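Taking it in order: structure first as structure tokens, then the write-up.
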Amino acid sequence: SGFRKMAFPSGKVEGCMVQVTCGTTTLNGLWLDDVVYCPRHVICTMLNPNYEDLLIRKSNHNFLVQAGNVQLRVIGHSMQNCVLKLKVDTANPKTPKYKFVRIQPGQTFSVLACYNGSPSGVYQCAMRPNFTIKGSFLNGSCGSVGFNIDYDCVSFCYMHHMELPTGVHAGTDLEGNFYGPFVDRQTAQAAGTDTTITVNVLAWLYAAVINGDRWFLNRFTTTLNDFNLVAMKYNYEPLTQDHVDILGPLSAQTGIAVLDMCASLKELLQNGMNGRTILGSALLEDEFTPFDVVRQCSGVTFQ
Amino acid sequence: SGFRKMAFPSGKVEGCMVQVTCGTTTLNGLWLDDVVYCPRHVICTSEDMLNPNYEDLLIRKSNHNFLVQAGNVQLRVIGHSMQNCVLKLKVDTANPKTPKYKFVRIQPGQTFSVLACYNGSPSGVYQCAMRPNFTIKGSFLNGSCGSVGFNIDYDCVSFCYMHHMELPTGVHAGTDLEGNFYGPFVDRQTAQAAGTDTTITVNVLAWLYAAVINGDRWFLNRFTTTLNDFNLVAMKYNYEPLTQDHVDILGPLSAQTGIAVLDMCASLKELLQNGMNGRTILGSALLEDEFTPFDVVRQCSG
Ligand SMILES: *C(=N)[C@H](C[C@H]1CC(C)(C)NC1=O)NC(=O)[C@@H]1[C@@H]2CC[C@@H](CC2(F)F)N1C(=O)[C@@H](CC1CCC1)NC(=O)C(F)(F)F
Ligand SMILES: *C(=N)[C@H](C[C@H]1CC(C)(C)NC1=O)NC(=O)[C@@H]1[C@@H]2CC[C@@H](CC2(F)F)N1C(=O)[C@@H](CC1CCC1)NC(=O)C(F)(F)F
Ligand SMILES: [Cl-]
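Chains as they are written, first to last, in the working numbering: chain B, 24 to 326; chain U, 3 to 304.
Shown next, in the form of structure tokens:
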């Protein structure tokens, strides 16, 4: 038993991480097959950069790419949105089975924080409703990646590009499209007002009941419309029928209907915790998806 | 900036995990060079779990009784030895993925990364602290035993924990990689209980320093304290004593923030007296004790 914030095993991604140096800027790149993916702001020397014009002036030899103590030869460069693609002479022999996916707000992934192309640590993040992540990133962290594992397949969903003034983080998918209304430029930008990921809070309350924490359960049920009136008032994301459907398994297992669990959450929002905890937390946690709870409580493995 | 419960990258440990089967019992083993380390209770039967004579059970075992699997490859056991509560299975093939490694016995308050495994395959990685009562707050299901706790210094894996048991309060106990249990626990089904747990005071102070480095000062105050006056208050909230060693260890974080250790001790004293009053620190409504001074410096300073 027990319940922890659990990251995916990072080994398949560790063997893809390289160092990319251009001018004075060093950051990380992702080496898959014969291409290194990294943030395009590596070329910058910043208020209003013309990325296409700056890239035309670059040659292949301007990009120093190192896999450990081995220099890779760049034989081509191209920009895809906010991501630079450096074609190299060698295919990565450690390339895992992979694909590029775009995640939706409320989805979780594992971040492999890297410095100088060397993996430093791994942690679990949720894409916030305001399209930021609450990461942990120092100088040289950019090009660190976020992923999920399904069977033997790494799904890359995030590359790290920037920190906003409130100390939260923003980046792109591996096709270089920003999550949220951000640009890779030194100009005034702010994270929007954030909201709580309601479906994830319910999943975590189900996790609490599976681990024998039940003091918040009650006799009452609510309706989706009445719950959503309360959700709106407390800066919670609307609960949809899709969310109710996805919580179906945990509803069946615990014998607590989703709208019955919604009646518990409604009371917690109105009345607070009353000095009590849930799974060692004095607040409602929203960075576990229904699937995160099932895979941790079932012991799904990755080979 | 930012502050997260951060594990070490698990790849160097993933390449060491194997499956070990004896009879109907399957658990995990750690394959380093030509030795597989696993919990000795793999040799136990359901009849004899209250009072197993491990020496007597092991002499009865043949090498072919031990089914060891690395992916889709059976390893041949050519020798076995028991060191304390750990079984060392000598195999014919050395692990080509063996990293640079050390075995270290850690002290209470020390943190490490757990690679939770089933059937020799990794499920996930998370951070744990060795609690003052010599338990860890893990996440472990049937077949999790032989999962290891580790830290990585540069390219070198320090193995500090092997998972052996769950206590009736749902917390976890295990051994170092020489097979010595942390705490008074034994690998037997006989009634055992964790002692009363206490909060790792030096770790709470490290975390308050992390909060200041991340630009939060709301909990600070104008007061100082003596070490003995701090300890008399902390004890009443079931906090571990703060020693001069702990004050010395917090020296670097004190230098960076310009907050004297005994000044930060006065802030924690007030937080214990008042609570947080609808505020959070680093996204938490409680005082977090599972970050060491060392964890804070590597995450906040590089
Ligand atoms: C990648 N290495 C860095 C981000 C890391 C470094 C640190 C410590 C600030 N936190 C990180 O996550 N990426 C950047 O620094 C990016 C690049 C280069 C400069 C600028 C624009 C960019 F996207 F091209 N940038 C930022 O992160 C700036 C963005 C400003 C928009 C309003 C903030 N961030 C900052 O300057 C700061 F200090 F607010 F975080
Ligand atoms: C390793 N696979 C398991 C422990 C995992 C399985 C689960 C779900 C209980 N949680 C885990 O972390 N190890 C054991 O089961 C050990 C072995 C075999 C039986 C017994 C003694 C042992 F150490 F040799 N054991 C236990 O974990 C028992 C210990 C009892 C003494 C007081 C409890 N635990 C339990 O029976 C229980 F239910 F409390 F967790
Ligand atoms: Cl230690």
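Backbone N, C-alpha and C fix where the C-beta goes; we use that ideal spot for every residue, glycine too.
Say the cut is 8 angstroms; is the CB of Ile108 (chain U) nearer than that to a heavy atom of ligand 3?
Result yes, Cβ under 8 angstroms from ligand 3.
Sort B:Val253, B:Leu252, B:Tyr229 and B:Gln293 by Cα distance to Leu273 (chain B) and report the nearest one.
For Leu273 (chain B), the closest of B:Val253, B:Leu252, B:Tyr229 and B:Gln293 by C-alpha to C-alpha distance is B:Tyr229.
Give, in chain order, every unbroken run of the alpha helix (DSSP H) that is at least 4 residues long and sits entirely within the segment 65-114 of chain B.
Here the runs fully enclosed are 74-79.
Does the Cβ of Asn144 (chain U) lie closer than 8 angstroms to at least one heavy atom of ligand 2?
At least one heavy atom of ligand 2 is found less than 8 angstroms from the C-beta of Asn144 (chain U).
Less than 9 angstroms between the beta carbons of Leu135 (chain B) and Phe160 (chain B), yes or no?
The answer is no: Cβ separation not under 9 angstroms.
Report the three-state DSSP secondary structure of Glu186 (chain B) (helix, strand or coil).
Correct three-state label for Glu186 (chain B): strand.
Taking only heavy atoms of ligand 1 into account, decide whether any of them is closer than 8 angstroms to the Cβ of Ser3 (chain U).
Under cutoff, so the answer is yes.
Contact list for the segment 183-207 of chain B against chain U, Cβ threshold 8 angstroms
Listed by position, the residues of the segment 183-207 of chain B near chain U (Cβ gap below 8 angstroms) are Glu186, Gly190, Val191 and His192.
Does the Cβ-Cβ distance between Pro11 (chain U) and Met164 (chain U) come in under 9 angstroms?
No, the Cβ-Cβ distance between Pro11 (chain U) and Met164 (chain U) is not below 9 angstroms.
Can you name the residues of chain B whose CB is closer than 8 angstroms to the CB of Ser149 (chain U)?
Those within 8 angstroms of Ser149 (chain U) in chain B number zero; the least Cβ separation is about 11 angstroms.
Proximity winner among U:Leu289, U:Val214 and U:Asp35, relative to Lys271 (chain U) (alpha-carbon distances)
Nearest of U:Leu289, U:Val214 and U:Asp35 to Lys271 (chain U), Cα basis: U:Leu289.
Ligand 3 heavy atoms versus the CB of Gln112 (chain U): any closer than 8 angstroms?
Taking 8 angstroms as the cut-off, the C-beta of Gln112 (chain U) counts as close to a heavy atom of ligand 3.
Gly185 (chain U) vs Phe114 (chain U) beta-carbon contact at 9 angstroms:
No.
Please decide whether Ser48 (chain U) counts as near chain B, where near means a Cβ-Cβ distance under 9 angstroms.
No, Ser48 (chain U) does not count as interfacial toward chain B.
Kindly give me the distance between the Cβ atoms of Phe243 (chain B) and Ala286 (chain B), rounded to whole angstroms, as I take these residues to be in contact under 8 angstroms.
With a contact defined as Cβ atoms closer than 8 angstroms, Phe243 (chain B) and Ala286 (chain B) qualify at about 4 angstroms.
Could you tell me if the beta carbon of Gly158 (chain B) falls within a distance shorter than 8 angstroms of some heavy atom in ligand 1?
Relative to ligand 1, the nearest heavy atom lies less than 8 angstroms away from the CB of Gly158 (chain B).
Whose C-beta lies closer than 8 angstroms to the C-beta of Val299 (chain U) among residues of the same chain, with five residues either side of it excluded?
If the five residues before and after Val299 (chain U) are omitted, its C-beta is found closer than 8 angstroms to the C-beta atoms of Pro254 and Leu255, all from its own chain and listed in chain order.
Can the beta-carbon of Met132 (chain U) be found less than 9 angstroms from the beta-carbon of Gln112 (chain U)?
Yes. Within cutoff.
Taking buried to mean at least 16 other C-beta atoms within 10 Å of its own C-beta, is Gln301 (chain U) buried or exposed?
Per the 10 Å Cβ criterion, buried.
For ligand 1, is there any heavy atom lying closer than 8 angstroms to the beta carbon of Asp207 (chain B)?
For ligand 1, a non-hydrogen atom lies closer than 8 angstroms to the CB of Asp207 (chain B).
Ligand 2 and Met167 (chain U): does any heavy atom of the ligand fall closer than 8 angstroms to the residue's C-beta?
With a threshold of 8 angstroms, the Cβ atom of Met167 (chain U) counts as near ligand 2, since some heavy atom of the ligand is closer than that.
What residues from chain B crowd round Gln301 (chain U), counting only those whose CB sits closer than 7 angstroms?
Counting only Cβ-Cβ distances below 7 angstroms, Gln301 (chain U) has contacts in chain B at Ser159, in chain order.
Going by DSSP, which residues form a beta bridge with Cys40 (chain U)?
Residue pairing for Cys40 (chain U): DSSP places it in a beta bridge opposite U:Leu89.
Distance check for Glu16 (chain U) and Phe105 (chain U), CA to CA, integer angstroms please.
Cα to Cα, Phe105 (chain U) sits roughly 17 angstroms from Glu16 (chain U).
Just to confirm, does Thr192 (chain U) get its C-beta within under 8 angstroms of one of the non-hydrogen atoms of ligand 2?
The closest heavy atom of ligand 2 lies less than 8 angstroms from the beta carbon of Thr192 (chain U).
Buried or exposed (CB count within 10 angstroms, at least 16 for buried), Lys28 (chain B):
Classification of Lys28 (chain B): buried, given that the 10 Å Cβ count is 16 or more.
What residues are listed by DSSP as bridge partners for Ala30 (chain B)?
Answer is U:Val127.
Are any of the Cβ atoms in chain U nearer than 9 angstroms to that of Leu306 (chain B)?
Under the Cβ distance rule, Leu306 (chain B) counts among the residues neighbouring chain U, one pair being separated by less than 9 angstroms.
Tell me which residue opens and which closes the alpha helix (DSSP H) that residue 339 (chain U) is part of.
Chain U is shown from 3 up to 304; residue 339 (chain U) falls before or after that span and cannot be answered.
Please confirm if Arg27 (chain B) has its CB atom under 9 angstroms from at least one CB of chain U.
Chain U, which has a Cβ nearer than 9 angstroms to the Cβ of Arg27 (chain B), makes this yes.
Taking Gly194 (chain B) as part of the alpha helix (DSSP H), name the residues at either end of that continuous run.
Looking at the DSSP string, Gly194 (chain B) is not in any alpha helix (DSSP H); the run it does join, the beta strand (DSSP E), is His192 to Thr195.
When you compare only the Cα positions, how much space is there between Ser303 (chain U) and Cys130 (chain U)?
Cα atoms of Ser303 (chain U) and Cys130 (chain U): separation of roughly 21 angstroms, rounded to the nearest angstrom.
Just to check my reading of the structure: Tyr241 (chain U) and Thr200 (chain U) have Cβ atoms closer than 8 angstroms, yes? What is that Cβ distance to the nearest angstrom?
That pair is a contact at about 6 angstroms.
Along the chain, where does the alpha helix (DSSP H) containing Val232 (chain B) start, and where does it finish?
Looking at the DSSP string, the run of the alpha helix (DSSP H) that includes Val232 (chain B) is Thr221 to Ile233.
Give me, in chain order, the residues of the same chain whose beta-carbon lies closer than 6 angstroms to that of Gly285 (chain U); leave out the 5 immediate sequence neighbours on both sides.
Nothing listed; no residue qualifies.
State the start and end residues of the unbroken beta strand (DSSP E) segment that holds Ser274 (chain B).
In the DSSP assignment, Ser274 (chain B) falls outside any beta strand (DSSP E) and lies within the alpha helix (DSSP H) extending over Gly271 to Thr277.
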